[PDB]
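Residues per chain, in single letters:
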Amino acid sequence: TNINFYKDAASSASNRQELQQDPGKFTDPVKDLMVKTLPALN
Amino acid sequence: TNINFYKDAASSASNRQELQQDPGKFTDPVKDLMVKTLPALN
Amino acid sequence: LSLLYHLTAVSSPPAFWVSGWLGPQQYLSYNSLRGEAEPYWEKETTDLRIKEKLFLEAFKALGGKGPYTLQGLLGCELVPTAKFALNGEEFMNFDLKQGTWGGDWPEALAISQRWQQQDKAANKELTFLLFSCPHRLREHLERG
Amino acid sequence: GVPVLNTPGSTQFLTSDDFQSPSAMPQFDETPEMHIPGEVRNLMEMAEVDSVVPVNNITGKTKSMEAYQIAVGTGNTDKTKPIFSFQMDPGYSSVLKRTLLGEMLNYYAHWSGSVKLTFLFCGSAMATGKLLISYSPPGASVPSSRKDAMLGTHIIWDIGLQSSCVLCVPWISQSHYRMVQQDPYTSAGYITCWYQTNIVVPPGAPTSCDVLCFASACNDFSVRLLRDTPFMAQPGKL
Amino acid sequence: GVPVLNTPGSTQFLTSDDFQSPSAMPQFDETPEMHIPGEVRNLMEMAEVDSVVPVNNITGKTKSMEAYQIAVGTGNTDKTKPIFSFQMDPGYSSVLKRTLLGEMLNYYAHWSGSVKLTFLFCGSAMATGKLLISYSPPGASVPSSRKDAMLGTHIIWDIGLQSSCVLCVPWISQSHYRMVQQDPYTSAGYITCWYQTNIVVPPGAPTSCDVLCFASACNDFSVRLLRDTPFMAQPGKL
Amino acid sequence: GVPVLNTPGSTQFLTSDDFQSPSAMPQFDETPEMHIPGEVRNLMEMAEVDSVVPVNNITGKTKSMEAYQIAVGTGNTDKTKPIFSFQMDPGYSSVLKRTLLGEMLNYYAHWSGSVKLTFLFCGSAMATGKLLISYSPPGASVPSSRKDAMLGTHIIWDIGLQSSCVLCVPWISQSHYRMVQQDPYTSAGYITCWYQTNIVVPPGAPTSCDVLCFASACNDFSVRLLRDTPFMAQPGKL
Amino acid sequence: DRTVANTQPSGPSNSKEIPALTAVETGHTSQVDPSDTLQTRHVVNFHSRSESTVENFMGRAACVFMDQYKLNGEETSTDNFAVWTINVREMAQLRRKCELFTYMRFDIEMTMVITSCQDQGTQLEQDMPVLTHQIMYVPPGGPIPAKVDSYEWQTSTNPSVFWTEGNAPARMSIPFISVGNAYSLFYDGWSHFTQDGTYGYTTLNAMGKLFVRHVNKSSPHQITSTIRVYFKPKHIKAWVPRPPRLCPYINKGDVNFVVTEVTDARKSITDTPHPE
Amino acid sequence: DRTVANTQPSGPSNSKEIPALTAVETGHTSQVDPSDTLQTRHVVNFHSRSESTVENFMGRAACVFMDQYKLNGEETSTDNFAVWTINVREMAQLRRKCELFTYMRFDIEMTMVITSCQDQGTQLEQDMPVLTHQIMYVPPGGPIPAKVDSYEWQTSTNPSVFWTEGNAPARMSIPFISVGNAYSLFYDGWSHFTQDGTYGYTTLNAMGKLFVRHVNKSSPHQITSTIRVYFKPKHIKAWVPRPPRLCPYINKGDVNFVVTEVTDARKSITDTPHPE
Amino acid sequence: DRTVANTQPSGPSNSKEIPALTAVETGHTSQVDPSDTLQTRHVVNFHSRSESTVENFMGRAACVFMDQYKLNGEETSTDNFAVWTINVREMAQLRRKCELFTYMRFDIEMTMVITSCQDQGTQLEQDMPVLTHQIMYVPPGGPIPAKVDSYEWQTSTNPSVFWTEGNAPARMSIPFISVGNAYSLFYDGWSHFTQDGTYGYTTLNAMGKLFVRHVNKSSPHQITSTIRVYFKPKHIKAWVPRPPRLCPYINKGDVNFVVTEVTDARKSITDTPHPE
Amino acid sequence: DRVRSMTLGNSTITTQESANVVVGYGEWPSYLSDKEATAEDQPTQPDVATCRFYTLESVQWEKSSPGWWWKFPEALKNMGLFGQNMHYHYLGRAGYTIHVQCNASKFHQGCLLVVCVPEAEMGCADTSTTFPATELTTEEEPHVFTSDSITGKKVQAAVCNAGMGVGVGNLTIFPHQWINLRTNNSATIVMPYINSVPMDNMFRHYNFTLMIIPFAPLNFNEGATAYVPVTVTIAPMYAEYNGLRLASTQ
């Protein structure tokens, strides 16, 4: 499966196995860390 | 991709990965080195 | 205008009858005993026979043995409009995207699944609402 | 050459296949990849984002900004009546669909994980009250009184400096994954909001305030089976 | 590329092939596998389970609960006559078919291994008797007397505290595997039950008791050739 | 043999595939490769070569040697008017196309890198002047005065012993690659030449001199997407 | 491949060990071998049960969907595409095998043996190019086609396979598409929590629909193609085995049945089919 | 394949830690799990999100181009070849998935499911050999065919694939053909620097045209082939995700739309579809 | 894959180093980067020129031979086989790319995209089996077929490929078939030593002929097949590059041309196409 | 914390009730890297001349206000040296810190989705045609959404949707900060340079739209300040500029 039969990188398979995520980009985008337990404002 | 399945060398794949260039053949063909910073003539 | 077949059927009766209204005027009076679309007509008769079979299978789909007065308002407004009512209360609607009936009522899901069991019945409904109803509406508007 | 037998599933264009294929342009020099901010690598990262829920699907109120605003008011009228009431399933519930979480689920057939409903108060700063928002697991009817609401899972939201208390509904599904479509089996519960205490406002403050529900997904949230979204339903060529 | 020759057996959908195939949904996140009790990994595990045998195929008695009950009685009448008599082959014998062992074999064409017929007494606790159950290997006729039955393989069952004595019939097949279908060659023997001693019952106990035969499979039991079951015979679309 | 599934993209002649293929003549003894001077290994090496630009596309002047000559003259007339003015894109600009750089780009769909426009003076050795050649990045109109030209990128060329000063235009593209075709988006700037000082000539020297622009490519220059050249447009069989 | 247990050597036994005398009332099948109750010889048995595993028993691919979808003219209808709410129940041959177990976790190979035959007619002169067939698995809840030329055939996210007639049948390994951890071949519960609605397996294991069509827009004369979807359940993790179905199947949505005899009736309890 | 985060065990809490009480006004989605706001049990969750990645979400191949190109006689016209300015927008199914993200860098598998059907006619007696179809991707700015037999079909440098009907659909992996470092699924800017011209994505990501034709010169009777180009975006590096499109698409050049309701209307804010 | 040279950082310079001031009269293209003549920033450029190599530029396969050979009855003529003196010049698309270089040593992939279409006629009822096509490369000087059924089709030593219609187009990698060490795309000399005879490339690089035919002996009704030979020059060792051809090609034997403008004419030397 | 101070360039923004600063997708703005660069024009980097909070025209939050949208690189034209460098440079990269100040008393009700949507391609009121630039980009005044559907050759400013044919309430996927008058007197969204190309024309390309959409309409009892403005200040930190040329006639 990992073997690539074509020299072109665009010819490789879909990177289905690659599970990466950074929800902090969109779900925690604030500059200052907002802890769930701590009050968010003041 | 690099594996060749036919004994004939003409049967191999296109050498797309091979990126070589010598622009000095056509862009710098002068016998005496012409430095960009230095004046070209005299 | 807004074409609306008032489908109606009774589990324990005129077992099944349709009242097609092209606008406020009624133009189609289909009955189960006749089996024909009594006021092109052959195709509508076949479609309404399919609807009659679906209504009979829906009556079989309900577990209760009490009377069930199934109704529906199938048609297109020139947008398809599908609203099914059990015992005079709306219980399910046909989602065109998912292409299947459903609602919060348990009988809604029972009837939807029973009709889905029928061969291509959901897509027969899709063709009837998205394509056949507007085609008949435009044909009747041009004719009348 | 090498003896090969054409196994079943050959000369077929499976839509979900990861087979390789010769490139149209061999040795093509792609543009160097710059670090573009916002690299989304999972669709659930988009689902995890608090997204305003059109809770108020009332006719006319939708296709507008009244759809998202939950009208919470200062009064004695209908304070034992739900502030809002809908079904928890983001997939087929008209309220929780058509949002980041709902539209994310609609692109799949099976979903799982806790849904966080973040309730943001939009009113005067002097306004103070308590709203009890309850997720009731399936098995019974939709809550009709706050007494029936506090029996299930509930959160008491004290309107104040935070004013964005979130009902992070739990995963009390019988199966590991629920159905995105309208399935009576493995369906979710019901979200109903009530007045724990009436929101008392000063004479200078407006009586009728608003609430915005934000559907988001937790670190536990996941979907399983890809499907085409029923929302689009393309009529024809564009 | 690599020179490949299309060998015979290509572009064919063999039903019994283990060829790989591109997936419809690549990188699909399957639901985590919980330890569901009852993991059946071999069909013979199902066959190995004692399963009540409809020995009494008499008309009317079948399609009922009289099919499984072997009526063993307290009397002098027909006590030199078999309590029951059928063929040992679970595949095509009307008695041993349509049960776990029989229906398990019907899904195959060749079967092997010892069959355990567990005979459970269903009568009064005061009832006491002896039943001689005999498996006769093929080569002769079905046993017509208990004298002809004890010559072959037999078990003497003393009705009592256990009351579930099992005739574990041996593997005396000429070939390694018998035929599930009705084949005169490599067929099995015959199971015949007789009254070693009459079941004496007290006046308060009922005279006519019952026996339930349980067809199961041993650790030696196996099947070889898969086939579609002739039992179903689907008429048409459902 | 080995079970193989025909993935999508099979039995197809993709034009940009690097698949292997059986040779017509196996074990063919090719002629030994001699070191032929001029081994071109990249098409951009050809683009990198200064190539005379037909700047003067005026009707009649083209299809001739007047197309390449930029007529720079000794006069007070129209010295606040551009010596020449065209668009920087070698792909679709009528001036910078149909040359080594331009025709090299026309064989592709996306291009990048700095373009060197080498301006060679062809006049009397006694002639002396200053020509200000400016590349203006897109976003504004073509320069209409030398004041608007010096705001952008400009080079002041002192006519003299060198007389081949090059405006090496920078890469101020918003995207990594521009479009070879006539695309309003990611288009290049404009090249406009002006008289910084009038070219003063002695009475024995001719008043009207010439300039030849040479389009070449830098070490930063590259193209991305191959395409058929629109220049040819073959009518039919030859 | 572990073989069957070899019959251990045995001799005459008058001990107090009663192998035959047991109690099946306990729910335990007696584990006695022929050696236990009879005097037998030591035979090294090599009868492997490899083909008798649920992996191999379900490995045989059996047809699960038979429908006739048509190519004809421009009057597109519901007969130009074959619709199937993917369920093992449709065809009884594999339905009985699957209903031999309550829960089965498996990846399911779906092989589409499309057989295109021109419908008998007065005029069959047409010479149509090789028909291409699209088999798209619509995820449960996703949009389903309304016509043969609807937008839903543009498979942006729905899995699909385009197969040209004459090649190997299109085999697509559908993964474990279930909300739960298994497929409930039997579901004794109901669809809704109010003990109403649809009853049976149909409520759970709601596999998404499968739509089959001719990628070719039209045909001079009508041609009917039989999709013949065959299922090969592999990677079987079957749980809670069940007896093979006795009564013939009547419906594909329920296990509703017309009462059938337990087994083939025989003349008498002492009736043995034997040579004379 | 990293699974979801397991729900940590929790108990009754009267602390000053307010997990539920947060501020979504800050633009931060609350990171609270069910344990944070409720008393829950320790369950080891194995619900992998592998199929929920942009690589897998876009991995499903969906149809992007539907056109009917024809083979007939010698009167060559524009109907003998199918022209497509390669754009995801054409078909809404994949257009919505791509327009779920502002920028996506990916290699795009282009699968041509050609379906050739003879056009219904009085005379269909023809017996044409197996039709061969040429699918050429013209680079942006390169020459495009004017007729079905033009010089542009001689693919000296333009990529092309010749596919014979009945084989596997022609799958060609087109590389990242973009002047920029990504594909702008949305382009809020204009075509020209003077804030005029074409508006939308069409200005940028100017993928070169795709021309499909029958390599066979002519056919005794007209045969219409549906190209049905399906796109499989793989090697996804999507940036700046966007909400899935709400209003139905009207045009493939702009996001111009007829206003649609935010969501399905419901009777009342307290209306819950529930069993009685 | 070495990328372009990164633009080195630069600042204000009043030195005696004149990068811009050079002499192109010397025949040397100035090697100045933007940093040399302008103040620029340090940008790490990753714009690879991999697809801009002669290997990749010539890697794109373009059609080189278009001819229509026919199957019909028993009246065999010269129209039943397609004859081609293998030369890149035939089709201008690849001819211009090859004539961008004086000498090119390469192995040439020859792909035959045969498209068979029945010729329009009164009677097309025929149902012919799948047509098989023979593509034989006759070595230069070897015997060439006189008829479609001549002895020369018995390829004892001439390379040939038999391809069945509907499969992948027949791709044969022809090796470096040249008497010299390269292919002279331009040959300024003559055919004979007396400065007479044929002039141009045609004298040298005399690649042997290619004959295409239907292996099927006859067809009830005439079917015309378009051979459509496409060339993919790989293993390129191109020498002495040349400017891309300006004038449209008129003949495939010579570079003879009708004079064309140097470039597209423009209104005035100061005319810039710009937004208003 | 509620109180905050941002000192970017000459201008300084002080807040007392602002919520936490949002960084667009978690990436702080920075100059275009040499590895990520495509142009070799040695871009100018005005650290304070262009990277400062430009205060846009104040917009009154009305009871019936549907919302507003600014195209940021464009809105800042002819407004300081950032606009001057936009005119004088073909390419441009900048990371914009948008502080939207909407101050109100404790007796004012409402909440605004102040969302920065990159490449928020808007739809047209008449779908067949396409709106002119005078309808998208701010023209002496920010462009205002409409409560219901509108027609004509204008931008489809129906606040019913997000303006791109998408759900407006789903816009929170993009970086955003709600101005809830109960809590927020201002919103702070720090969007990095978000574009497919390393640099693009700031007039030809609209990098993003600042959509300020009141989800809860501003409701205040009588006697309270009716004129509740929504000021927009934007600081283009790291405002890189390539392709210097003649000033555009914008």
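Deposited coordinates in this entry are attributed by the record to cryo-EM, at a stated resolution of 3.09 Å.

If you look chain J up in the PDB entry, it shows as VP2 from Echovirus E18.

Identification of chain D as VP3 from Echovirus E18 is taken from the PDB entry.

1. A few points about the overall build of chain D
Helix and strand counts for chain D stand at three helices and 13 strands. A compact globule built from 238 residues would reach a C-alpha radius of gyration of about 18 Å, whereas chain D, at 23 Å, exceeds it by more than 25%. Considering only C-alpha atoms, chain D reaches an extent of 90 × 45 × 35 Å along its principal axes. Taking all contacts inside chain D whose residues are at least 6 apart in sequence as the whole, residues at least 24 apart take part in 80%. Accessible area for chain D stands at about 5300 Å²; split by element, carbon and sulfur atoms hold 55% of it. Of the charged side chains in chain D, 15 are positive and 19 negative; the average position of the first set lies 13 Å away from that of the second.

2. Some words on the pattern of salt bridges
Residues and elements named next belong to chain D. Evaluation of the coordinates by the stated rule reveals 67 salt bridges over all chains. Of the charged contacts in the structure, one is a salt bridge between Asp 158 and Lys 130, with a shortest N-O distance of 3.4 Å. Pair noted here: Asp 158 is in strand β8 (residues 153–158) and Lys 130 is in strand β7 (residues 128–136), with a separation of 28 residues, a long-range link. The class for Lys 130 is partly exposed, based on a relative accessible area of 29%.

3. What to know about the interface of chain A and chain H
Facing the 24 residues of chain A at the interface are 32 residues of chain H. The junction of chain A with chain H conceals about 2300 Å² of combined surface from both sides, 53% of it contributed by carbon and sulfur atoms. When the buried surface of chain A facing chain H is broken down by residue, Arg 16, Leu 19 and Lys 36 of chain A rank first, second and third, together holding 29% of it. Summed over the shared surface of chain A and chain H, the result is one salt bridge.

4. Quick notes on the interface of chain D and chain H
Interface extent is often summarised as the accessible area lost during association of the parts. Contacts between chain D and chain H engage 100 residues on the former and 105 residues on the latter. For the chain D and chain H pair, buried surface summed over both sides reaches about 8500 Å², with 58% attributable to carbon and sulfur atoms. Of all residues in chain D, the largest losses of buried area upon contact with chain H belong to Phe 13, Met 232 and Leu 238 of chain D, amounting jointly to 10% of the total for that side. Connecting chain D to chain H are seven salt bridges. When the shortest N-O distance is used, the salt bridge between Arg 96 of chain H and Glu 103 of chain D registers 2.8 Å.

5. What to know about the sheet that holds strand β10 (residues 178–179) of chain F
Residues and elements named next belong to chain F. One open sheet holds the three strands; their spatial order is β10-β5-β13, and the pairing between them is antiparallel. Each edge of the open sheet is held by one strand with a lone partner, namely β10 and β13 (222–223). Bridge count for strand β5 (residues 110–112) against β10 is two bridges, and the pairing is antiparallel. From the neighbouring strand, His 110 faces β10, where its bridge partner is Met 179.

6. Quick notes on the sheet that holds strand β1 (residues 62–65) of chain G
Residues and elements named next belong to chain G. Ordered by their spatial adjacency, four strands build an open sheet running β1-β13-β5-β9, and the pairing between neighbours is antiparallel. The strands lining the two open edges of the sheet, one partner per strand, are β1 and β9 (170–174). Neighbour-to-neighbour, the strand axes of the sheet open up by a mean angle of 35°, direction not taken into account. Summarising the sheet, strand β5 (residues 107–112) and β9 pair through five bridges and their orientation is antiparallel. Bridge assignment links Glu 109 to a residue of β9, and that residue is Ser 173.

7. Some points on helix α2 (residues 106–117) of chain C
Residue and element names in this part refer to chain C. With 12 residues, α2 extends 17 Å between its outermost C-alpha atoms, agreeing within 8% with the 16 Å of an ideal straight helix rising 1.5 Å per residue. Of all 12 residues that make up α2, 11 are buried, and the element is covered over most of its length. Burial in α2 covers these residues: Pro 106, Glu 107, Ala 108, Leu 109, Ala 110, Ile 111, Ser 112, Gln 113, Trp 115, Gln 116 and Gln 117.

8. A look at the packing of aromatic side chains
Across all of its chains, the model carries 82 aromatic pairs over all chains by this definition. Considering the side-chain rings of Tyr 68 of chain D and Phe 215 of chain J, the 4.8 Å spacing of their centres and the 50° angle between planes classify their relative orientation as tilted. Here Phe 215 of chain J lies in strand β12 (residues 208–220) and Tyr 68 of chain D lies in the loop between β2 (51–53) and β3 (69–73), a pairing that spans two chains. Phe 215 of chain J carries the same exposure label as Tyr 68 of chain D, and that label is buried. Aromatic ring contacts, followed pair by pair, group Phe 16, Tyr 30, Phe 55, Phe 84, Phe 94, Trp 101 and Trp 115 of chain C into a single cluster. Positioned above the aromatic ring of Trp 171 of chain F is the side chain of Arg 178 of chain F, whose terminal nitrogen or guanidinium carbon lies 4.9 Å from the ring centre.

9. Focus on the packing of helix α1 (residues 41–61) of chain C against α2 of chain C
All names here are of chain C. In the contact formed by α1 and α2, the axes pass within 9 Å of each other and the chain directions differ by 130°. Compared by their axis directions, α1 and α2 come out oblique. Relative to α2, α1 is oriented so that their crossing is right-handed. Residue-level contacts link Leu 54, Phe 55, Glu 57, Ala 58, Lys 60 and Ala 61 of α1 to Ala 110, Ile 111, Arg 114 and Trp 115 of α2. The residue makeup of the contact of α1 with α2, split by class, is seven nonpolar, no polar and three charged.

10. Some thoughts on unusual backbone geometry
Notably, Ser 163 of chain D is not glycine yet its phi reads approximately 60°, a positive angle. With respect to the element layout, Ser 163 of chain D can be found in the loop between β8 and β9 (166–168).

11. Topic: the arrangement of the chains
Across the gap from chain A to chain C, with no contact made, the nearest C-alpha atoms are 27 Å apart. With no contact between them, chain A and chain I keep their nearest C-alpha atoms 11 Å apart.

12. Observations regarding the packing of α1 of chain C against helix α3 (residues 121–143) of chain C
All names here are of chain C. Relative to each other, α1 and α3 sit at 140°, their axes nearing to 12 Å. Between α1 and α3 lies a crossing whose hand is left-handed. Across the interface between the two elements, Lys 43, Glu 44, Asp 47, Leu 48, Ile 50, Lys 51 and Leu 54 from α1 touch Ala 121, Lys 124, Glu 125, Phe 128, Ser 132 and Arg 136 from α3. Of the residues contributing to the contact of α1 with α3, the split by class is five nonpolar, one polar and seven charged.

13. Regarding the side chain of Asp 89 of chain D
Residue and element names in this part refer to chain D. Considering the arrangement of structural elements, one finds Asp 89 in the loop between β4 (84–87) and α2 (100–106). Buried within the structure, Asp 89 lacks any salt-bridge partner; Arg 178 is the closest side chain of opposite charge, at an N-O distance of 5.3 Å. With near-sequence residues (within four places) excluded, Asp 89 lies in contact with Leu 96, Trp 111, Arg 178, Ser 187, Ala 188 and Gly 189.

Thresholds applied
- Residues numbered from 1 in each chain as written, not as in the entry; some residues may be left out.
- Chains lettered and ligands numbered in written order.
- Part of a larger assembly, values for the part shown.
- Heavy atoms only, no water.
- Residues with missing side-chain atoms left out of burial classes, pairs and counts.
- Helix = DSSP H or I, 4+ residues; strand = E, 2+ residues; numbered from the N terminus.
- Rg over C-alpha atoms; globule rule 2.2 N^0.38 Å.
- Contact = heavy atoms within 4.5 Å.
- Areas by Shrake-Rupley, 256 points an atom, 1.4 Å probe, with all protein chains shown as cover.
- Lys, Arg positive; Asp, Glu negative; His and termini not counted.
- Charge placed at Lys NZ, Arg CZ, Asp CG, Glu CD.
- Salt bridge = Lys/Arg side-chain N within 4 Å of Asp/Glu carboxyl O.
- Buried < 20%, exposed > 50% of the residue type's maximum accessible area, 1.4 Å probe, protein only.
- Buried area = accessible area lost by both parts, 1.4 Å probe.
- Pairing = 2+ DSSP bridges.
- Axes fitted to C-alpha atoms, helices over the stretch in contact; angles between N-to-C directions.
- Expected span 1.5 Å × (residues − 1).
- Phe/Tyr/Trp six-rings, centres within 6.5 Å; stacked < 30°, edge-to-face > 60°.
- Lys NZ or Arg CZ within 6 Å of the ring centre and 35° of its normal.
- Parallel < 35°, antiparallel > 145°, perpendicular 65-115°, else oblique.
- Left-handed = near helix turned anticlockwise from the far one by under 90°.
- Nonpolar A, V, L, I, M, F, W, Y, C, P; charged D, E, K, R; others polar.

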